[PDB]
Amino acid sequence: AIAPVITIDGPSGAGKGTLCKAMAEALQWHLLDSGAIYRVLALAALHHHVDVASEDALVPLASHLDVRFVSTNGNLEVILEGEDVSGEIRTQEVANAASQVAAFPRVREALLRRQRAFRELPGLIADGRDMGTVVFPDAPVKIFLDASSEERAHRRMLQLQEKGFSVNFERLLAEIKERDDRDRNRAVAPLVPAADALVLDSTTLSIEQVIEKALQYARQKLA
């Protein structure tokens, strides 16, 4: 077959970015943070004064999106039109806009080739919502990482508190349920586990346990 792919799909703040990175490093494979692409698209829209409420306006922006990634240094660098926007795209505001633009079918379609371009040997670890169901349906290894909304909001609260940012549980939880609801209820490419995906309920599993479980499954399936 062509290059193998390990997909990691799941709700917001489920630890997909962390797990994807750890696996790609352990296996020495390529990585794809798909969510980062929707976030950069949303950011580009604000900069270029594109109406996020209009699918017609967003299609051109998506079709000609100039986004690139750089890593293998300890963290992922997201580049928009030649500028590092790694930090700028990690906010609730951008996340919200990314989820809104992601609901448009024509926009998602315009981004398919770009994502699928990431499949290269020796392999690709793809993190997102519809990686195992729409972007890479023939993936030999599909993982669906999940955890309760309450736990996922709690983990985010602690991450922001470490950095000294103002937050309160009620908002973070509401924000998370709001975004996940949209992603799971949209008519096209909704967040849903692939029939053949291994579901990892990590509410009470540590980071290292998840990594160990995900790697065992992939190695058995791939070899």
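The numbering used is simple: start at 1 and walk along the sequence shown. Only the largest set of C-alpha atoms that superpose within 1.5 Å between the two forms is called the rigid core.
Of the two stretches examined, 126-134 and 70-78, the one with higher mean CA deviation in 5 other deposited structures of this protein after a rigid core fit is 70-78. Between 110-118 and 88-96, the larger root mean square Cα shift in 5 other deposited structures of this protein, once each structure is superposed on the rigid core, falls on 88-96. Across the two stretches, 33-41 and 53-61, the PDB entry reports the greater mean Cα temperature factor for 53-61. Stretches 144-152 and 76-84 differ in mean CA B factor, with 76-84 having the higher one. Ranked within its chain, residue 159 lands in the middle third, by CA B factor from the PDB record. Per-chain ranking of the deposited C-alpha B factor places residue 3 in the middle third. Remark: residue 208 belongs to the middle third of its chain, ranked by C-alpha B-factor as recorded. Per the deposited record, the Cα B-factor of residue 187 falls in the middle third when ranked against the other modelled residues of its chain. The deposited CA B-factor of residue 23 belongs to the middle third of values across its chain.
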